[PDB]
C-alpha cells in the first residue's frame, strides 16, 4: 500500500488517501527519492491530504534523499496555507539541504515573497 499512498498523495486523490490510511497504509512510505507522502502533498498544495497525513502521524520534518523537508517543498512551490499548517505542526524553519539551503532560502530564490516573510517571522 505504500506506493499507492505515495501516488494518491501526489495526484491529490483525497478519498483514496483516506481509504489507504484506514486500511493501514504506512504514513512513512518512501519513494525512490526519499519522499514521504507528506513531502508530495505539501509540494502539490493538497491541504486536506496534508492534514490527514499529519493527523495519522506523519513526520512533519522528514528529509528526502536530497535533503529537503516538506517545508522546503511547500516554500519552493509557493503554497502559503501549507507552509502555515506545517509550521503549526512544528516544521523546522532552520532545516537545511546538503548545501545549506533553508526553506526561507528557497522561497526567496524562487520569488515566493509572502512565504519568505512568514518564514523570516518564524525564525
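Positions refer to the first chain, counted from 1.
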Check: Would 70-78 or 22-30 have the larger average of its C-alpha temperature factors, as given in the entry?
Finding: 22-30
Item checked: Of 31-39 and 86-94, the one with larger mean CA B-factor -> 86-94
Notebook entry, point to check: Per the PDB entry, which option out of 44, 52, 62, 65 has the greatest Cα B factor?
Noted result: 52
Next item on the list: Sort the modelled residues of this chain by their C-alpha B factor and say whether residue 110 lands in the lowest, middle or highest third.
Entry: highest
